[PDB]
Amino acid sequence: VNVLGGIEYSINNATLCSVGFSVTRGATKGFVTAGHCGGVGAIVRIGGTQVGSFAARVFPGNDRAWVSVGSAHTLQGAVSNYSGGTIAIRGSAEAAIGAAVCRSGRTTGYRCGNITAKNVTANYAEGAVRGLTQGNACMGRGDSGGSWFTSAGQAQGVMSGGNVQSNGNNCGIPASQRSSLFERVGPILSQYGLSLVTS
């Protein structure tokens, strides 16, 4: 199967999240995503087929993980735009507050907005997660773990949480009322010694 930022994956055949970014660790294939999407060892399926499992995770405190992907599968250094195309990923340079950013996930597809704050703490039910970046692109339950990136292709982070409304998303309110929080990708690559696949 092809691994691509933003596409749906299932966890333990029970819940859903979205791929963050294809990565490698030496010869090992994988992708980064949110830690709250799976415990260690959780079985991951994409496109009706087992592709690997949660190799490591931190959540709460942080909210990060990577899924190691079997060698039979192909990694794509890109993110889906949910209309038949992809956006190439070309690095992980972090963007400043006010910069434009988009995200991609299985519930709300491809959505854009701006970076609005950094080093935010989310008081999730499972506990605090610190150091999150906030944007005002909208998102919904199921987009978790999915790619955040600038249009020029710099990976920002993976979808963590935010102020979803009773319909399960914050797309029904204007961007100015939105709080959509992602875990910065930089420390995930560093902690686990992973390299972005680029194109």
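Residue indices: 1-based, along the sequence shown.
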Problem - 17-25 versus 180-188 - greater average Cα B-factor per the deposited record - result: 17-25
Handout entry: 109-117 set against 78-86, stretch whose average Cα temperature factor tops the other in the entry
Key = 78-86
Completion exercise
Max C-alpha B-factor within the set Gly39, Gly70, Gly157, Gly142 falls on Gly70
Exercise for the section: Report the option among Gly135, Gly48, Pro174, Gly30 whose CA atom has the maximum B-factor in the deposited record. Expected result: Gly48
Exercise for the section: Can you work out whether the C-alpha temperature factor of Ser53 puts it in the lowest, middle or highest third of the chain? Expected result: middle
Handout entry: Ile7, C-alpha B-factor rank within chain (lowest, middle or highest third)
Key = lowest
Problem - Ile97, C-alpha B-factor rank within chain (lowest, middle or highest third) - result: middle
Exercise for the section: Can you work out whether the C-alpha temperature factor of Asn170 puts it in the lowest, middle or highest third of the chain? Expected result: lowest
Completion exercise
Of the three thirds of Cα B-factor ranks in this chain, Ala125 occupies the highest
